[PDB]
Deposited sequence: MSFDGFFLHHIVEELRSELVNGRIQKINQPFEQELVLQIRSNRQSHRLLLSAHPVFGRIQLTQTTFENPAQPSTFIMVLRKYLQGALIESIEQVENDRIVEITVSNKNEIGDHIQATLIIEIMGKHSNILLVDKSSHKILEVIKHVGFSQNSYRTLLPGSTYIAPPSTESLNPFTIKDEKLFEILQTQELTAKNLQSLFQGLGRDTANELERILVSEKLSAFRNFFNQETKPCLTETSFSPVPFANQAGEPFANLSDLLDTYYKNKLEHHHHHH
């Protein structure tokens, strides 16, 4: 449902509505959710980033939120980089459930700076991170993960951001004609297989893709058997449709 397939459509809408907009307000209505008010092309927009452990998502929204009386440390740091920031890009990492929002801004001595707002919706852990661009260090993160010897990464202010691991499954949106052709000619295209072969397909999406493939084949199947007669010579033979009338065709072929 909120799979990579869906997020792809979300991100396209997000980019067109928001790129070159200005972050005007930053708030934290719930512990692990972040709401930005953004002015873009003389219209205002409200952007929800939710690290909710069941309902994690990112979306524009019409909901009004009750904001807390005082900003947490997390929001205070974020405002220091995002208040008045220009949105420069909104990108999905491949067809995984990760959105990266790159911004630019000035600091308090007038220098132009860049930061990246990242929302991670993973299997086990969801999170929202602000990361310095030039250094790649986390500036703040909505769920802190303390330092631990030999762990994969530390999610703390000051630590280097390390991206989540990827899988070997392929991005369906960008796969080249040649590799796709090979996958489609040789694999059984069941929903389950499609989830293994391709990145970011939910079970519903995968079920729908399997169905679409079969019903489009059905459509192609009917059209081939219902098309009008169009007599044609092939290389070694002849055909009633392309691969004056069929009798003139056969007269010519047998000479």
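Mapping the modelled residues onto the deposited sequence reveals missing stretches at 1, 245 to 252, 265 to 274.
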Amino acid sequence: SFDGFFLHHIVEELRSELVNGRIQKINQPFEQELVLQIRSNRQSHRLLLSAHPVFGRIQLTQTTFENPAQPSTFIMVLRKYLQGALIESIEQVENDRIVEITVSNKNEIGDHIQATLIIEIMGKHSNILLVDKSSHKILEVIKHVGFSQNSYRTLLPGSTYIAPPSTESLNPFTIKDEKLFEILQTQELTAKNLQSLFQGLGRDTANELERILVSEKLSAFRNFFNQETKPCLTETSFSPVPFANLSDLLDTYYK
From here on, numbers count along this sequence of modelled residues.
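Between the stretches 41 to 49 and 191 to 199, it is 41 to 49 that shows the larger average CA temperature factor. 142 to 150 and 79 to 87 differ in mean CA B-factor, and the higher of the two is recorded for 142 to 150.
Note on the listed residues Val99, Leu129, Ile109, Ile162: the highest Cα temperature factor in the record is that of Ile109. In the PDB entry, the Cα temperature factor peaks, among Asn207, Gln28, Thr64, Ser219, at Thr64. The deposited CA B-factor of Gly123 belongs to the highest third of values across its chain. The entry lists a Cα temperature factor for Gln92 that places it in the lowest third of the chain's modelled residues. Sorting the modelled residues of the chain by their CA temperature factor places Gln114 in the middle third. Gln59: CA B factor in the lowest third of modelled residues in this chain (values from the PDB entry). Among the modelled residues of its chain, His9 has a C-alpha B-factor that falls in the lowest third according to the deposited record.
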